[PDB]
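**Q** quick one: initial chain(s) of a complex, as found there:
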Amino acid sequence: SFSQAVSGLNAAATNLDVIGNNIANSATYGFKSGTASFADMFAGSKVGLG
Amino acid sequence: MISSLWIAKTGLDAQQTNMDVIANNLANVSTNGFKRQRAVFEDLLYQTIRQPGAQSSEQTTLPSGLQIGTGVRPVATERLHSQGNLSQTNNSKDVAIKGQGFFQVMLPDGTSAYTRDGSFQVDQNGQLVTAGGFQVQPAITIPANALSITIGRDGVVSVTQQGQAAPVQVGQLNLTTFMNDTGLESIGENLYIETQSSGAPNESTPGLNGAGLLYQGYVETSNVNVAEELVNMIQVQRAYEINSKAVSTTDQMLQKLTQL
Amino acid sequence: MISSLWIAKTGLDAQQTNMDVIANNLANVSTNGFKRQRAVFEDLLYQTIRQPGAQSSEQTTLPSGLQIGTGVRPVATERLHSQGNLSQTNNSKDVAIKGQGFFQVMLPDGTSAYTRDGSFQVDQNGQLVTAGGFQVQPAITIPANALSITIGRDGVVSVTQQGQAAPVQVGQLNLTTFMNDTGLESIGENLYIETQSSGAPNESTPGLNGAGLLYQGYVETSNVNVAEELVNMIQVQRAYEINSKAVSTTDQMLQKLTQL
Amino acid sequence: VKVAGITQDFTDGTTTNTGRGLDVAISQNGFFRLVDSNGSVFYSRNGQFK
């Protein structure tokens, strides 16, 4: 049952990478801030999959 | 040469087959798109010395007769076509389907097989083949100088090209759904061949007529529950030991019979 | 064939039942409103070779005759209706009962069952039902456009309507009590029914005639002490192994006897 | 023990002023109504709009 934990780790790492890119790209004049967006998944029913 | 000996032999064989299917499930726990199997056991015929409900007298009938079993045999190993967990791989040509359906694959000898493991690649002619050299049935061809390959929610695979500023619709990727998915006869290399028990396939676009949905960059892992196989192995080992004890008891009984 | 063997077999069976009830208690350790079980045994009959207190002579009496036991039997398996710890879920559709009493439930067939766990939901038609589609006997119906549902210590229920800023009453939750709570016949899906062993149920508003109060937002955990289960399991294993050793000793004696 | 089905807690979450213009939140019960390609109708509560 590691799939959900692995997906959560990947999502958190992606969010941290986005934040690091945003903070690094400061003082870049032609730059627009980025924001991550997650979504829950459900294959069958009664159980989540990450 | 006694009935109990043959009965115990059948019991041992049933336990051995159960252990074999457990070991096979554990072996390919990390095979993409793998489906586990479970074995169902059935008893053999019954030797009737006194028929139940026989007219033992003019008015009295035996409530229960004398019947002796003859063992147990395995009747089938059914596959559990459930939905596996989806994973992330971030690859252009790794497709995972959610729901029901099968990709069609053209075998070299001219027949067609069906697969659930979606992890494709390109051969030297641009054909969209699977891992193993087998090519898909609709025969999607990827042109050279391609920049990126995009697969939508439905099976419309498109390619972004350098000097067009707009993707070109390379082709369509449908899939076929069977109404007896447990009935498909499996062969090696994650392929199934249509058989009599399984119905006739009817190809359709994903997302319609009960078909699944395609996701790019995902892979479907095997639906093998590791935490239950340990308990199953414990149970199987105990049953095997019990039946071996039965064989030993029968042998000692027979030896005491023949020592006089 | 030997009385010792049958006595040891009965002992093994008793230990097996004890282990089974221990496992049952541990399995549903997280079930809401579950009452742990406890098994009580008793000795079987006694064969009187020499009657105690017999008139041995004209003035002498045997202080204690010759009596042989013949095993142990589980006389009963009873619930222990203690009060489980109250949790805090902060939900508006789960009520914990403090003290004694049960919620009444209308079974699909037409009879009445009784439950201790209060965690309610609403059906598609607006009726307040327990988890499993069983509605409450007084038939409490939640209207649509309901902002909040409030339940006091008593059984009165109120719903805050969208307008008029004035709550209205839509029913009451009475509790039923029994003379003998341990006599209730337990069935599946966390339910009890009345039998002859228990007394005739009597309805009562909460807080009257010794009936417990109602708390909204709390749920009642099972009164299973996981600490005692481990030591009971150790004792059960030891006793089972000792009885097995007794069986082995009796078999050794028989085998030595048959070698003449 | 048999699992008697999972349930989803529909307590209202904490609204955060993200900004933007194509984003909305609901303070009480209610669901946005969406449609798919097949014509099926779904209901959601995510405010992200584009």
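**A** Sure, I can see it. Residues are numbered from 1 along each chain as shown, chains lettered A, B, ... in the order given.
**Q** I'd like to know how many residues surround the nearest residue to residue B:122 once chain neighbours are set aside.
**A** Nearest residue to residue B:122, sequence neighbours excluded (CB to CB, 6 or more residues apart in numbering or on different chains): residue B:142, at 5.5 Å. Every C-beta, even on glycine, is put in place using the N, C-alpha and C of the backbone. Counted with other CB atoms under 10 Å in any protein chain shown, the neighbours of residue B:142 add up to 19.
**Q** Three-state assignment for the residue in chain D positioned nearest to chain B, please.
**A** Going by CB to the nearest CB, chain B is nearest to residue D:38 of chain D, at 6.3 Å. When classified by DSSP: H, G, I helix; E, B strand; the rest coil, residue D:38 comes out as coil.
**Q** show me what contacts the nearest residue to residue B:125 once chain neighbours are set aside?
**A** Once flanking residues are discounted, residue B:125 sits nearest to residue B:141: 7.5 Å by CB to CB, 6+ apart. By CB atoms under 8 Å, 6 or more residues apart in numbering or on different chains, the contact set of residue B:141 is B:125, B:126, B:127, B:128, B:170, B:171.
**Q** just list whatever residues bridge to residue B:141.
**A** residue B:127 (DSSP bridges).
**Q** residue in the stretch 101-250 of chain B nearest to chain C?
**A** For the stretch 101-250 of chain B, CB to the nearest CB, closest residue to chain C: residue B:249, 11.8 Å.
**Q** roughly how far apart are that residue and residue C:166?
**A** Computed as CB to CB, to the nearest Å, the residue B:249 to residue C:166 distance reads 81 Å.
**Q** which of the two has more neighbours?
**A** residue B:249 (12 against 8).
**Q** now the more buried one: how far from residue B:189?
**A** Residue B:249 sits 46 Å away from residue B:189, going by CB to CB.
**Q** one more: residue D:14?
**A** 52 Å.
**Q** can you check residue B:234 too?
**A** For residue B:234, the distance to residue B:189 - CB to CB - is 33 Å.
**Q** kindly report the same for residue D:31.
**A** Distance from residue D:31 to residue B:189, by CB to CB: 46 Å.
**Q** neighbour count winner among the two?
**A** residue B:189 (13 against 10).
**Q** contacting residues around the more buried one?
**A** By CB under 8 Å, 6+ apart, the neighbours of residue B:189 are residue B:132.
**Q** helix, strand or coil: sort out it for me.
**A** Secondary structure assignment for residue B:189 (three-state DSSP): coil.
**Q** quick check: closest non-adjacent residue to the residue in chain A positioned nearest to chain C.
**A** Going by CB to the nearest CB, chain C is nearest to residue A:46 of chain A, at 13.5 Å. Computed as CB to CB, 6+ apart, the closest residue to residue A:46 that is not its neighbour in sequence is residue D:6, at 5.0 Å.
**Q** cool, and residue D:22?
**A** In space, residue D:22 is closest to residue D:49, 4.0 Å off (CB to CB, 6+ apart).
**Q** contacting residues around that neighbour?
**A** Listed by CB under 8 Å, 6+ apart, the contact set of residue D:49 reads D:22, D:23, D:24.
**Q** could you report the neighbour count for the second one?
**A** This means residue D:23. The number of residues packed near residue D:23 is 13, by other CB under 10 Å.
**Q** list the contacts for it?
**A** Residues near residue D:23 by CB under 8 Å, 6+ apart: D:47, D:48, D:49.
**Q** and chain E, same structure:
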Amino acid sequence: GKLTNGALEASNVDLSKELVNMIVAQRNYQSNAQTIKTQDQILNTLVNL
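**A** One more chain to add, chain E, which I have set with the ones above:
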């Protein structure tokens, strides 16, 4: 409900409750595994005999 523009809703998931529930679940799982082990051990002891 009343719409509020320029805002988004959180997940109403509390880490503090989840971690303690995880600890309790792990302890219960270990207890059930111990029961399985005990039953298997007594069965083996019976088998040897």
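**Q** let's see the neighbour count of residue D:23 again after adding chain E.
**A** Residue D:23 - counted by other CB under 10 Å - has 19 other residues nearby.
**Q** ditto for residue E:41
**A** Close neighbours of residue E:41, defined as other CB under 10 Å, add up to 13.
**Q** assumed it was part of a helix.
**A** Yes: under three-state DSSP, residue E:41 sits within a helix.
**Q** does residue B:40 count as helix, strand or coil?
**A** Put simply, residue B:40 is strand when judged by three-state DSSP.
**Q** you'd agree it is up against residue B:76?
**A** Yes: in this structure residue B:40 lies within contact range of residue B:76 using CB atoms under 8 Å: 5.3 Å.
**Q** more crowded one of these two?
**A** residue B:76 (12 against 9).
**Q** in which helix or strand would I find that one?
**A** strand B:72-79 (DSSP states H and E).
**Q** got the contact list for residue B:85?
**A** Counted by CB under 8 Å, 6+ apart, residue B:85 has contacts A:3, A:43, A:49, A:50, B:220, B:221, B:223.
**Q** no wait, residue B:49
**A** Counting by CB under 8 Å, 6+ apart, residue B:49 has contacts B:65, B:66, B:67, B:68.
**Q** then residue B:3?
**A** B:68, B:70.
**Q** and it, how close does it get to chain E?
**A** Distance, residue B:3 to chain E, using CB to the nearest CB, to the nearest Å: 24 Å.
**Q** how about residue B:162?
**A** Residue B:162 is 39 Å from chain E, by CB to the nearest CB.
**Q** each with direction, which strands does the strand holding residue B:76 pair with?
**A** Assessed with DSSP bridges, strand B:72-79 is paired to strand B:37-43 (antiparallel).
**Q** is it possible to get JSON lines of the contacts of residue B:49 that adds distance to chain E and secondary structure?
**A** Listed next are these as JSON lines, based on distance: CB to the nearest CB, whole Å; DSSP: H, G, I helix; E, B strand; the rest coil:
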{"residue": "B:65", "distance to chain E": "33", "secondary structure": "coil"}
{"residue": "B:66", "distance to chain E": "30", "secondary structure": "strand"}
{"residue": "B:67", "distance to chain E": "29", "secondary structure": "strand"}
{"residue": "B:68", "distance to chain E": "25", "secondary structure": "strand"}
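**Q** nearest to chain A: which residue in chain B?
**A** Nearest to chain A, among the residues of chain B, is residue B:85, at 4.0 Å (CB to the nearest CB).
**Q** what are the phi and psi angles of that residue?
**A** phi -70, psi 140 (degrees, to the nearest 10).
**Q** for the closest residue to it other than its chain neighbours, give me its contacts.
**A** Distances taken as CB to CB, 6+ apart place residue A:3 nearest to residue B:85, at 4.0 Å, with adjacent residues excluded. By CB under 8 Å, 6+ apart, residue A:3 lies in contact with A:49, A:50, B:85, B:86, B:87, B:221.
**Q** can you tell me how far residue A:3 sits from residue B:252?
**A** Taking CB to CB, one finds residue A:3 at 52 Å from residue B:252.
**Q** ok, now residue B:14?
**A** Distance, residue B:14 to residue B:252, using CB to CB: 23 Å.
**Q** same thing with residue B:215?
**A** For residue B:215, the distance to residue B:252 under the criterion CB to CB works out to 62 Å.
**Q** who's more crowded, those two?
**A** The neighbour comparison of residue B:215 against residue B:252 (other CB under 10 Å) goes to residue B:215, with 19 against 10.
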